[PDB]
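Shown below: model_33.pdb, with PDB, C-alpha atoms (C1' of nucleotides).
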```pdb
MODEL        1
ATOM      1  CA  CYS A 127     -38.163 -11.728  -2.641  1.00  0.00           C
ATOM      2  CA  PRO A 128     -35.610  -8.883  -2.872  1.00  0.00           C
ATOM      3  CA  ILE A 129     -38.029  -6.623  -4.753  1.00  0.00           C
ATOM      4  CA  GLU A 130     -40.635  -6.859  -2.001  1.00  0.00           C
ATOM      5  CA  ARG A 131     -37.982  -6.403   0.687  1.00  0.00           C
ATOM      6  CA  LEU A 132     -36.897  -3.192  -1.027  1.00  0.00           C
ATOM      7  CA  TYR A 133     -40.187  -1.624  -2.151  1.00  0.00           C
ATOM      8  CA  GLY A 134     -42.408  -3.145   0.534  1.00  0.00           C
ATOM      9  CA  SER A 135     -45.721  -4.924   0.171  1.00  0.00           C
ATOM     10  CA  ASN A 136     -49.244  -5.060   1.588  1.00  0.00           C
ATOM     11  CA  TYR A 137     -47.850  -6.059   4.984  1.00  0.00           C
ATOM     12  CA  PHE A 138     -44.081  -5.655   4.574  1.00  0.00           C
ATOM     13  CA  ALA A 139     -42.435  -2.624   6.147  1.00  0.00           C
ATOM     14  CA  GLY A 140     -41.024  -1.133   2.949  1.00  0.00           C
ATOM     15  CA  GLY A 141     -37.403  -0.029   2.698  1.00  0.00           C
ATOM     16  CA  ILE A 142     -37.278   2.786   0.116  1.00  0.00           C
ATOM     17  CA  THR A 143     -38.485   6.384   0.398  1.00  0.00           C
ATOM     18  CA  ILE A 144     -38.670   8.547  -2.727  1.00  0.00           C
ATOM     19  CA  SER A 145     -39.408  12.263  -2.763  1.00  0.00           C
ATOM     20  CA  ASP A 146     -41.076  14.050  -5.665  1.00  0.00           C
ATOM     21  CA  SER A 147     -39.368  16.274  -8.254  1.00  0.00           C
ATOM     22  CA  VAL A 148     -41.315  19.532  -8.168  1.00  0.00           C
ATOM     23  CA  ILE A 149     -39.717  21.947 -10.634  1.00  0.00           C
ATOM     24  CA  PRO A 150     -40.011  25.735 -10.187  1.00  0.00           C
ATOM     25  CA  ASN A 151     -39.843  26.016 -13.970  1.00  0.00           C
ATOM     26  CA  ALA A 152     -43.266  25.924 -15.616  1.00  0.00           C
ATOM     27  CA  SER A 153     -42.278  25.999 -19.292  1.00  0.00           C
ATOM     28  CA  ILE A 154     -45.164  24.066 -20.856  1.00  0.00           C
ATOM     29  CA  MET A 155     -45.520  23.772 -24.626  1.00  0.00           C
ATOM     30  CA  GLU A 156     -48.217  22.034 -26.647  1.00  0.00           C
ATOM     31  CA  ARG A 157     -47.447  19.355 -29.245  1.00  0.00           C
ATOM     32  CA  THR A 158     -50.530  18.685 -31.348  1.00  0.00           C
ATOM     33  CA  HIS A 159     -51.052  15.474 -33.302  1.00  0.00           C
ATOM     34  CA  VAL A 160     -53.272  14.249 -36.125  1.00  0.00           C
ATOM     35  CA  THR A 161     -54.253  10.795 -37.340  1.00  0.00           C
ATOM     36  CA  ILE A 162     -53.715   9.845 -40.982  1.00  0.00           C
ATOM     37  CA  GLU A 163     -56.221   7.662 -42.791  1.00  0.00           C
ATOM     38  CA  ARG A 164     -54.333   4.648 -44.103  1.00  0.00           C
ATOM     39  CA  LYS A 165     -56.663   4.187 -47.080  1.00  0.00           C
ATOM     40  CA  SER A 166     -56.043   7.797 -48.156  1.00  0.00           C
ATOM     41  CA  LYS A 167     -53.247   9.905 -46.684  1.00  0.00           C
ATOM     42  CA  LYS A 168     -55.172  12.792 -45.149  1.00  0.00           C
ATOM     43  CA  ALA A 169     -56.201  14.056 -41.736  1.00  0.00           C
ATOM     44  CA  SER A 170     -59.100  12.114 -40.230  1.00  0.00           C
ATOM     45  CA  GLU A 171     -61.641  14.821 -39.369  1.00  0.00           C
ATOM     46  CA  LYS A 172     -62.832  12.959 -36.288  1.00  0.00           C
ATOM     47  CA  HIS A 173     -60.560  14.370 -33.586  1.00  0.00           C
ATOM     48  CA  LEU A 174     -57.559  16.655 -33.113  1.00  0.00           C
ATOM     49  CA  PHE A 175     -55.337  15.038 -30.502  1.00  0.00           C
ATOM     50  CA  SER A 176     -53.468  17.613 -28.427  1.00  0.00           C
ATOM     51  CA  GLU A 177     -50.770  16.647 -25.934  1.00  0.00           C
ATOM     52  CA  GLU A 178     -48.910  18.811 -23.445  1.00  0.00           C
ATOM     53  CA  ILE A 179     -45.187  18.424 -22.843  1.00  0.00           C
ATOM     54  CA  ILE A 180     -42.925  19.723 -20.079  1.00  0.00           C
ATOM     55  CA  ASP A 181     -39.519  20.505 -21.549  1.00  0.00           C
ATOM     56  CA  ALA A 182     -36.677  19.972 -19.100  1.00  0.00           C
ATOM     57  CA  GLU A 183     -32.988  19.134 -18.935  1.00  0.00           C
ATOM     58  CA  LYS A 184     -32.231  18.053 -15.346  1.00  0.00           C
ATOM     59  CA  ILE A 185     -34.835  16.320 -13.176  1.00  0.00           C
ATOM     60  CA  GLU A 186     -33.712  16.277  -9.543  1.00  0.00           C
ATOM     61  CA  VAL A 187     -35.196  13.547  -7.339  1.00  0.00           C
ATOM     62  CA  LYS A 188     -34.109  12.731  -3.784  1.00  0.00           C
ATOM     63  CA  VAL A 189     -34.201   9.007  -2.999  1.00  0.00           C
ATOM     64  CA  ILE A 190     -33.555   7.412   0.394  1.00  0.00           C
ATOM     65  CA  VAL A 191     -33.057   3.642   0.516  1.00  0.00           C
ATOM     66  CA  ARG A 192     -32.944   1.773   3.829  1.00  0.00           C
ATOM     67  CA  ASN A 193     -31.675  -1.470   2.268  1.00  0.00           C
ATOM     68  CA  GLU A 194     -28.085  -1.397   0.991  1.00  0.00           C
ATOM     69  CA  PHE A 195     -28.957  -3.849  -1.759  1.00  0.00           C
ATOM     70  CA  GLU A 196     -26.779  -4.805  -4.693  1.00  0.00           C
ATOM     71  CA  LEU A 197     -30.125  -4.827  -6.502  1.00  0.00           C
ATOM     72  CA  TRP A 198     -30.282  -1.053  -6.037  1.00  0.00           C
ATOM     73  CA  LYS A 199     -26.729  -0.623  -7.327  1.00  0.00           C
ATOM     74  CA  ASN A 200     -27.482  -2.818 -10.339  1.00  0.00           C
ATOM     75  CA  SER A 201     -30.657  -0.844 -11.063  1.00  0.00           C
ATOM     76  CA  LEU A 202     -28.741   2.434 -10.952  1.00  0.00           C
ATOM     77  CA  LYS A 203     -26.059   0.899 -13.172  1.00  0.00           C
ATOM     78  CA  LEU A 204     -28.708  -0.124 -15.701  1.00  0.00           C
ATOM     79  CA  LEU A 205     -30.091   3.410 -15.616  1.00  0.00           C
ATOM     80  CA  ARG A 206     -26.559   4.698 -16.257  1.00  0.00           C
ATOM     81  CA  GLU A 207     -26.237   3.175 -19.738  1.00  0.00           C
ATOM     82  CA  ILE A 208     -29.618   1.958 -21.003  1.00  0.00           C
ATOM     83  CA  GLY A 209     -31.951   4.325 -19.171  1.00  0.00           C
ATOM     84  CA  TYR A 210     -35.717   3.949 -18.855  1.00  0.00           C
ATOM     85  CA  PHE A 211     -38.704   6.119 -19.682  1.00  0.00           C
ATOM     86  CA  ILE A 212     -40.892   8.099 -17.285  1.00  0.00           C
ATOM     87  CA  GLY A 213     -44.361   9.532 -17.789  1.00  0.00           C
ATOM     88  CA  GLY A 214     -46.997   9.058 -20.426  1.00  0.00           C
ATOM     89  CA  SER A 215     -46.659   8.682 -24.189  1.00  0.00           C
ATOM     90  CA  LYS A 216     -43.183   7.236 -23.719  1.00  0.00           C
ATOM     91  CA  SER A 217     -43.776   5.298 -26.943  1.00  0.00           C
ATOM     92  CA  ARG A 218     -43.959   8.652 -28.764  1.00  0.00           C
ATOM     93  CA  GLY A 219     -40.614  10.127 -27.736  1.00  0.00           C
ATOM     94  CA  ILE A 220     -41.997  11.802 -24.609  1.00  0.00           C
ATOM     95  CA  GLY A 221     -39.952  11.040 -21.516  1.00  0.00           C
ATOM     96  CA  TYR A 222     -36.583   9.289 -21.526  1.00  0.00           C
ATOM     97  CA  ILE A 223     -34.220   9.709 -18.593  1.00  0.00           C
ATOM     98  CA  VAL A 224     -30.620   8.599 -18.186  1.00  0.00           C
ATOM     99  CA  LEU A 225     -28.792   8.720 -14.865  1.00  0.00           C
ATOM    100  CA  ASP A 226     -25.488  10.587 -14.884  1.00  0.00           C
ATOM    101  CA  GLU A 227     -22.477  10.072 -12.628  1.00  0.00           C
ATOM    102  CA  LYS A 228     -21.486  13.757 -12.466  1.00  0.00           C
ATOM    103  CA  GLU A 229     -24.328  15.870 -11.080  1.00  0.00           C
ATOM    104  CA  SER A 230     -25.949  13.073  -9.073  1.00  0.00           C
ATOM    105  CA  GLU A 231     -24.460  12.355  -5.660  1.00  0.00           C
ATOM    106  CA  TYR A 232     -24.918   9.823  -2.873  1.00  0.00           C
ATOM    107  CA  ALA A 233     -24.161   9.431   0.829  1.00  0.00           C
ATOM    108  CA  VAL A 234     -23.863   6.345   3.043  1.00  0.00           C
ATOM    109  CA  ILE A 235     -24.807   6.667   6.715  1.00  0.00           C
ATOM    110  CA  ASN A 236     -23.596   4.085   9.231  1.00  0.00           C
ATOM    111  CA  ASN A 237     -22.860   6.242  12.295  1.00  0.00           C
ATOM    112  CA  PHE A 238     -25.443   8.576  13.817  1.00  0.00           C
ATOM    113  CA  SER A 239     -22.850  10.819  15.500  1.00  0.00           C
ATOM    114  CA  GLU A 240     -21.368  12.285  12.296  1.00  0.00           C
ATOM    115  CA  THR A 241     -22.643  14.680   9.662  1.00  0.00           C
ATOM    116  CA  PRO A 242     -23.302  12.813   6.389  1.00  0.00           C
ATOM    117  CA  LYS A 243     -20.892  13.472   3.530  1.00  0.00           C
ATOM    118  CA  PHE A 244     -21.934  13.587  -0.123  1.00  0.00           C
ATOM    119  CA  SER A 245     -19.560  12.578  -2.909  1.00  0.00           C
ATOM    120  CA  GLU A 246     -19.685  11.931  -6.640  1.00  0.00           C
ATOM    121  CA  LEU A 247     -21.993   9.100  -7.683  1.00  0.00           C
ATOM    122  CA  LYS A 248     -19.273   7.650  -9.926  1.00  0.00           C
ATOM    123  CA  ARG A 249     -17.270   6.392  -6.946  1.00  0.00           C
ATOM    124  CA  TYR A 250     -20.309   4.528  -5.606  1.00  0.00           C
ATOM    125  CA  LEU A 251     -21.473   3.167  -8.955  1.00  0.00           C
ATOM    126  CA  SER A 252     -18.255   2.694 -10.944  1.00  0.00           C
TER     127      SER A 252
ATOM    128  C1'   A B   1     -50.543  13.553  39.490  1.00  0.00           C
ATOM    129  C1'   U B   2     -57.429  14.095  34.941  1.00  0.00           C
ATOM    130  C1'   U B   3     -61.847   7.481  36.428  1.00  0.00           C
ATOM    131  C1'   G B   4     -56.504   6.648  33.055  1.00  0.00           C
ATOM    132  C1'   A B   5     -52.838   4.432  30.582  1.00  0.00           C
ATOM    133  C1'   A B   6     -50.449   3.308  25.307  1.00  0.00           C
ATOM    134  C1'   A B   7     -50.736   2.698  20.655  1.00  0.00           C
ATOM    135  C1'   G B   8     -48.186   6.787  13.130  1.00  0.00           C
ATOM    136  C1'   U B   9     -54.742   5.591   9.875  1.00  0.00           C
ATOM    137  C1'   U B  10     -50.390   3.057   8.459  1.00  0.00           C
ATOM    138  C1'   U B  11     -49.201   0.112   4.993  1.00  0.00           C
ATOM    139  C1'   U B  12     -49.281  -1.598  -0.949  1.00  0.00           C
ATOM    140  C1'   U B  13     -50.690   0.253  -6.553  1.00  0.00           C
ATOM    141  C1'   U B  14     -46.059   4.421 -12.460  1.00  0.00           C
ATOM    142  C1'   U B  15     -52.467   8.337 -14.992  1.00  0.00           C
ATOM    143  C1'   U B  16     -50.744   4.189 -18.815  1.00  0.00           C
ATOM    144  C1'   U B  17     -52.177   2.533 -24.031  1.00  0.00           C
ATOM    145  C1'   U B  18     -54.276   3.697 -29.202  1.00  0.00           C
ATOM    146  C1'   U B  19     -53.000   8.761 -33.232  1.00  0.00           C
ATOM    147  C1'   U B  20     -47.319  11.133 -38.947  1.00  0.00           C
ATOM    148  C1'   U B  21     -50.724  18.601 -38.517  1.00  0.00           C
ATOM    149  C1'   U B  22     -51.930  15.592 -43.110  1.00  0.00           C
ATOM    150  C1'   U B  23     -54.000  16.209 -48.879  1.00  0.00           C
ATOM    151  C1'   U B  24     -54.435  19.611 -52.677  1.00  0.00           C
ATOM    152  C1'   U B  25     -51.415  25.025 -54.789  1.00  0.00           C
ATOM    153  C1'   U B  26     -45.900  25.556 -61.723  1.00  0.00           C
ATOM    154  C1'   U B  27     -43.541  33.192 -58.438  1.00  0.00           C
ATOM    155  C1'   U B  28     -46.082  33.621 -64.035  1.00  0.00           C
ATOM    156  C1'   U B  29     -48.796  37.367 -67.570  1.00  0.00           C
ATOM    157  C1'   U B  30     -46.977  41.209 -70.839  1.00  0.00           C
ATOM    158  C1'   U B  31     -42.100  44.531 -73.221  1.00  0.00           C
ATOM    159  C1'   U B  32     -37.771  43.821 -80.640  1.00  0.00           C
ATOM    160  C1'   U B  33     -31.142  46.357 -76.973  1.00  0.00           C
ATOM    161  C1'   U B  34     -32.738  50.628 -80.947  1.00  0.00           C
ATOM    162  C1'   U B  35     -31.574  55.640 -82.479  1.00  0.00           C
ATOM    163  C1'   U B  36     -29.132  59.694 -84.965  1.00  0.00           C
ATOM    164  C1'   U B  37     -22.812  59.225 -87.634  1.00  0.00           C
ATOM    165  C1'   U B  38     -20.441  58.873 -95.842  1.00  0.00           C
ATOM    166  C1'   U B  39     -13.794  55.159 -93.430  1.00  0.00           C
ATOM    167  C1'   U B  40     -13.454  61.129 -95.009  1.00  0.00           C
ATOM    168  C1'   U B  41      -9.366  65.197 -96.196  1.00  0.00           C
ATOM    169  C1'   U B  42      -4.126  66.412 -97.791  1.00  0.00           C
ATOM    170  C1'   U B  43      -0.111  64.048-102.283  1.00  0.00           C
ATOM    171  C1'   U B  44       1.223  65.864-110.535  1.00  0.00           C
ATOM    172  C1'   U B  45       4.446  58.160-111.522  1.00  0.00           C
ATOM    173  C1'   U B  46       7.918  60.745-111.343  1.00  0.00           C
ATOM    174  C1'   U B  47      14.946  64.015-112.886  1.00  0.00           C
ATOM    175  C1'   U B  48      21.556  64.855-114.304  1.00  0.00           C
TER     176        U B  48
ENDMDL
END
```

Re-express the file's structure as structure tokens.
Amino acid sequence: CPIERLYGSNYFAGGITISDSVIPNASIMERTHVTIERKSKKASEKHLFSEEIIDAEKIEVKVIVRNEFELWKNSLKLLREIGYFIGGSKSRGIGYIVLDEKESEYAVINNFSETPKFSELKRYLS
RNA sequence: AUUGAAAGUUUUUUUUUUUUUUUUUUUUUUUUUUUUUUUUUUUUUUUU
């Protein structure tokens, strides 16, 4: 299965290493919510849902893949146009990322005697 | 040249779903555009 060969399994080696995306920015705002009684349009005095939200514009994540799979290229291509959601309450307009081909960059390493070179992601993906 | 040694605590798992800051609330109630001022004065229906 290509998916297992890429992401690993209970006994499989793996193949992909993903770093986190810690952001020095800590701009955190609060977006409260209320439930409306369907029988009568008013606030249901049972709870006051309150949800945090981390506003951001560019999420930088470093990803290393040890399997030059056309599956990976196709996944990145799908993220280029359609784009998927990340994080909770994605059904409520919270979290929707789209990969760009301008800021993001890649690098292919085949020789271990040369310094890796980064170039625009468009050349790799387009 | 330790009795003596050589093994990554590693793989694998999205903190996710349910929820409209909503209903009610007429920028109105009152206040006379009035108030003092003469369309007045001067002029022969008239001569060789």

- Given the file shown, determine the residues that the PyMOL selection byres ((chain A) within 6 of (chain B)) selects; report them as a VMD selection string. chain A and resid 135 to 136 160 to 161 168 to 169

Give me, as an mmCIF file with C-alpha atoms, in the frame of the given file, all polymer residues having an atom no more than 9 Å from residue 179 in chain A, counting only C-alpha atoms (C1' of nucleotides) and skipping those fewer than 3 positions away in the same chain.
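The result, written out as result.cif:
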```cif
data_model
loop_
_atom_site.group_PDB
_atom_site.id
_atom_site.type_symbol
_atom_site.label_atom_id
_atom_site.label_comp_id
_atom_site.auth_asym_id
_atom_site.auth_seq_id
_atom_site.Cartn_x
_atom_site.Cartn_y
_atom_site.Cartn_z
ATOM 1 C CA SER A 153 -42.278 25.999 -19.292
ATOM 2 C CA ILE A 154 -45.164 24.066 -20.856
ATOM 3 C CA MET A 155 -45.520 23.772 -24.626
ATOM 4 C CA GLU A 156 -48.217 22.034 -26.647
ATOM 5 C CA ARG A 157 -47.447 19.355 -29.245
ATOM 6 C CA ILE A 220 -41.997 11.802 -24.609
#
```

- Item | Atomic separation - CA of residue 228 in chain A relative to CA of residue 247 in chain A, Å |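 Rounded to one decimal, the two atoms are 6.7 Å apart.
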
- Message: With all atoms listed in the file as the counted atoms, please give the residues lying no more than 12 Å from range 3-10 of chain B, apart from itself and same-chain residues fewer than 4 positions off, as a PyMOL selection string.
- Response: chain A and resi 136-140

Residues from the last selection, C-alpha atoms, saved as an mmCIF file, keeping the file's coordinate frame:
```cif
data_model
loop_
_atom_site.group_PDB
_atom_site.id
_atom_site.type_symbol
_atom_site.label_atom_id
_atom_site.label_comp_id
_atom_site.auth_asym_id
_atom_site.auth_seq_id
_atom_site.Cartn_x
_atom_site.Cartn_y
_atom_site.Cartn_z
ATOM 1 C CA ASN A 136 -49.244 -5.060 1.588
ATOM 2 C CA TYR A 137 -47.850 -6.059 4.984
ATOM 3 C CA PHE A 138 -44.081 -5.655 4.574
ATOM 4 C CA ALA A 139 -42.435 -2.624 6.147
ATOM 5 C CA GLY A 140 -41.024 -1.133 2.949
#
```

- Task: In Å, rounded to a single decimal, give me how far CA of residue 172 in chain A is from CA of residue 218 in chain A.
- Result: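 Answer for the CA of residue 218 in chain A to CA of residue 172 in chain A separation: 20.8 Å.
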
- For CA of residue 241 in chain A and CA of residue 134 in chain A, the interatomic separation in Å (one decimal):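 Atom-to-atom, CA of residue 241 in chain A and CA of residue 134 in chain A are spaced 28.1 Å apart.
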
Adding 8 Å on each side of the box along x, y and z that holds all listed atoms of range 162-177 of chain A, could you give its centre and edge lengths in Å to one decimal, as JSON?
```
{"center_x": -56.8, "center_y": 10.9, "center_z": -37.0, "size_x": 28.1, "size_y": 29.4, "size_z": 38.2}
```

- Item | Shell of 9 Å around range 194-210 of chain A, only C-alpha atoms (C1' of nucleotides), local chain residues under 6 positions omitted, as a list in words |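 Listed by chain and then number, they are residues 128, 129, 132, 221, 222, 223, 224, 225, 226, 227, 250, 251 and 252 of chain A.
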
Missing atoms in range 156-181 of chain A: fill them in up to N, CA, C and O atoms and send the result as a PDB file, in the coordinates of the input.
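Output below, filename result15.pdb:
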```pdb
ATOM      1  N   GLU A 156     -47.202  22.942 -26.137  1.00  0.00           N
ATOM      2  CA  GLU A 156     -48.217  22.034 -26.647  1.00  0.00           C
ATOM      3  C   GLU A 156     -47.754  21.419 -27.960  1.00  0.00           C
ATOM      4  O   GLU A 156     -47.347  22.137 -28.878  1.00  0.00           O
ATOM      5  N   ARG A 157     -47.821  20.095 -28.044  1.00  0.00           N
ATOM      6  CA  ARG A 157     -47.447  19.355 -29.245  1.00  0.00           C
ATOM      7  C   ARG A 157     -48.702  18.661 -29.761  1.00  0.00           C
ATOM      8  O   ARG A 157     -49.095  17.607 -29.258  1.00  0.00           O
ATOM      9  N   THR A 158     -49.331  19.261 -30.767  1.00  0.00           N
ATOM     10  CA  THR A 158     -50.530  18.685 -31.348  1.00  0.00           C
ATOM     11  C   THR A 158     -50.184  17.460 -32.187  1.00  0.00           C
ATOM     12  O   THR A 158     -49.032  17.232 -32.563  1.00  0.00           O
ATOM     13  N   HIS A 159     -51.207  16.662 -32.478  1.00  0.00           N
ATOM     14  CA  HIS A 159     -51.052  15.474 -33.302  1.00  0.00           C
ATOM     15  C   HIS A 159     -52.302  15.296 -34.149  1.00  0.00           C
ATOM     16  O   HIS A 159     -53.377  15.808 -33.828  1.00  0.00           O
ATOM     17  N   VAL A 160     -52.151  14.557 -35.244  1.00  0.00           N
ATOM     18  CA  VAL A 160     -53.272  14.249 -36.125  1.00  0.00           C
ATOM     19  C   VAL A 160     -53.125  12.810 -36.593  1.00  0.00           C
ATOM     20  O   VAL A 160     -52.010  12.295 -36.721  1.00  0.00           O
ATOM     21  N   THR A 161     -54.253  12.154 -36.823  1.00  0.00           N
ATOM     22  CA  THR A 161     -54.253  10.795 -37.340  1.00  0.00           C
ATOM     23  C   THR A 161     -54.443  10.807 -38.850  1.00  0.00           C
ATOM     24  O   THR A 161     -55.229  11.589 -39.392  1.00  0.00           O
ATOM     25  N   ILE A 162     -53.711   9.929 -39.527  1.00  0.00           N
ATOM     26  CA  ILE A 162     -53.715   9.845 -40.982  1.00  0.00           C
ATOM     27  C   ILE A 162     -54.495   8.608 -41.393  1.00  0.00           C
ATOM     28  O   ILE A 162     -54.188   7.498 -40.946  1.00  0.00           O
ATOM     29  N   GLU A 163     -55.499   8.798 -42.244  1.00  0.00           N
ATOM     30  CA  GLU A 163     -56.221   7.662 -42.791  1.00  0.00           C
ATOM     31  C   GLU A 163     -55.289   6.822 -43.652  1.00  0.00           C
ATOM     32  O   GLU A 163     -54.632   7.335 -44.562  1.00  0.00           O
ATOM     33  N   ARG A 164     -55.219   5.527 -43.352  1.00  0.00           N
ATOM     34  CA  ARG A 164     -54.333   4.648 -44.103  1.00  0.00           C
ATOM     35  C   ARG A 164     -54.816   4.438 -45.530  1.00  0.00           C
ATOM     36  O   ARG A 164     -53.996   4.321 -46.446  1.00  0.00           O
ATOM     37  N   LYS A 165     -56.133   4.390 -45.737  1.00  0.00           N
ATOM     38  CA  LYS A 165     -56.663   4.187 -47.080  1.00  0.00           C
ATOM     39  C   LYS A 165     -56.366   5.380 -47.979  1.00  0.00           C
ATOM     40  O   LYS A 165     -56.141   5.217 -49.183  1.00  0.00           O
ATOM     41  N   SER A 166     -56.366   6.586 -47.416  1.00  0.00           N
ATOM     42  CA  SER A 166     -56.043   7.797 -48.156  1.00  0.00           C
ATOM     43  C   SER A 166     -55.332   8.760 -47.221  1.00  0.00           C
ATOM     44  O   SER A 166     -55.889   9.144 -46.189  1.00  0.00           O
ATOM     45  N   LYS A 167     -54.124   9.170 -47.594  1.00  0.00           N
ATOM     46  CA  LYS A 167     -53.247   9.905 -46.684  1.00  0.00           C
ATOM     47  C   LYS A 167     -53.792  11.314 -46.504  1.00  0.00           C
ATOM     48  O   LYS A 167     -53.456  12.238 -47.246  1.00  0.00           O
ATOM     49  N   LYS A 168     -54.642  11.481 -45.498  1.00  0.00           N
ATOM     50  CA  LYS A 168     -55.172  12.792 -45.149  1.00  0.00           C
ATOM     51  C   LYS A 168     -55.606  12.758 -43.693  1.00  0.00           C
ATOM     52  O   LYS A 168     -55.768  11.692 -43.095  1.00  0.00           O
ATOM     53  N   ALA A 169     -55.785  13.947 -43.126  1.00  0.00           N
ATOM     54  CA  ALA A 169     -56.201  14.056 -41.736  1.00  0.00           C
ATOM     55  C   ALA A 169     -57.606  13.500 -41.561  1.00  0.00           C
ATOM     56  O   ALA A 169     -58.513  13.818 -42.337  1.00  0.00           O
ATOM     57  N   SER A 170     -57.788  12.669 -40.540  1.00  0.00           N
ATOM     58  CA  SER A 170     -59.100  12.114 -40.230  1.00  0.00           C
ATOM     59  C   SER A 170     -59.873  13.136 -39.409  1.00  0.00           C
ATOM     60  O   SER A 170     -59.583  13.344 -38.227  1.00  0.00           O
ATOM     61  N   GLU A 171     -60.866  13.773 -40.030  1.00  0.00           N
ATOM     62  CA  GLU A 171     -61.641  14.821 -39.369  1.00  0.00           C
ATOM     63  C   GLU A 171     -62.621  14.182 -38.384  1.00  0.00           C
ATOM     64  O   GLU A 171     -63.844  14.233 -38.532  1.00  0.00           O
ATOM     65  N   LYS A 172     -62.047  13.566 -37.353  1.00  0.00           N
ATOM     66  CA  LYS A 172     -62.832  12.959 -36.288  1.00  0.00           C
ATOM     67  C   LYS A 172     -62.388  13.512 -34.943  1.00  0.00           C
ATOM     68  O   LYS A 172     -63.202  13.669 -34.026  1.00  0.00           O
ATOM     69  N   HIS A 173     -61.100  13.817 -34.818  1.00  0.00           N
ATOM     70  CA  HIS A 173     -60.560  14.370 -33.586  1.00  0.00           C
ATOM     71  C   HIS A 173     -59.227  15.029 -33.894  1.00  0.00           C
ATOM     72  O   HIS A 173     -58.576  14.722 -34.896  1.00  0.00           O
ATOM     73  N   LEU A 174     -58.828  15.940 -33.012  1.00  0.00           N
ATOM     74  CA  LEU A 174     -57.559  16.655 -33.113  1.00  0.00           C
ATOM     75  C   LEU A 174     -56.825  16.435 -31.797  1.00  0.00           C
ATOM     76  O   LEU A 174     -56.965  17.222 -30.859  1.00  0.00           O
ATOM     77  N   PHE A 175     -56.050  15.356 -31.728  1.00  0.00           N
ATOM     78  CA  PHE A 175     -55.337  15.038 -30.502  1.00  0.00           C
ATOM     79  C   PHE A 175     -54.341  16.138 -30.162  1.00  0.00           C
ATOM     80  O   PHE A 175     -53.568  16.586 -31.012  1.00  0.00           O
ATOM     81  N   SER A 176     -54.366  16.571 -28.906  1.00  0.00           N
ATOM     82  CA  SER A 176     -53.468  17.613 -28.427  1.00  0.00           C
ATOM     83  C   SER A 176     -52.843  17.135 -27.129  1.00  0.00           C
ATOM     84  O   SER A 176     -53.557  16.737 -26.204  1.00  0.00           O
ATOM     85  N   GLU A 177     -51.518  17.177 -27.062  1.00  0.00           N
ATOM     86  CA  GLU A 177     -50.770  16.647 -25.934  1.00  0.00           C
ATOM     87  C   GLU A 177     -49.822  17.706 -25.397  1.00  0.00           C
ATOM     88  O   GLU A 177     -49.063  18.311 -26.161  1.00  0.00           O
ATOM     89  N   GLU A 178     -49.862  17.922 -24.086  1.00  0.00           N
ATOM     90  CA  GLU A 178     -48.910  18.811 -23.445  1.00  0.00           C
ATOM     91  C   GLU A 178     -47.551  18.132 -23.324  1.00  0.00           C
ATOM     92  O   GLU A 178     -47.410  16.920 -23.499  1.00  0.00           O
ATOM     93  N   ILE A 179     -46.539  18.935 -23.020  1.00  0.00           N
ATOM     94  CA  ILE A 179     -45.187  18.424 -22.843  1.00  0.00           C
ATOM     95  C   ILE A 179     -44.413  19.424 -21.999  1.00  0.00           C
ATOM     96  O   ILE A 179     -44.475  20.634 -22.231  1.00  0.00           O
ATOM     97  N   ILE A 180     -43.695  18.909 -21.010  1.00  0.00           N
ATOM     98  CA  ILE A 180     -42.925  19.723 -20.079  1.00  0.00           C
ATOM     99  C   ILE A 180     -41.462  19.570 -20.469  1.00  0.00           C
ATOM    100  O   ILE A 180     -40.821  18.571 -20.126  1.00  0.00           O
ATOM    101  N   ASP A 181     -40.925  20.554 -21.182  1.00  0.00           N
ATOM    102  CA  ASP A 181     -39.519  20.505 -21.549  1.00  0.00           C
ATOM    103  C   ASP A 181     -38.649  20.691 -20.315  1.00  0.00           C
ATOM    104  O   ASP A 181     -38.941  21.516 -19.445  1.00  0.00           O
TER     105      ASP A 181
END
```
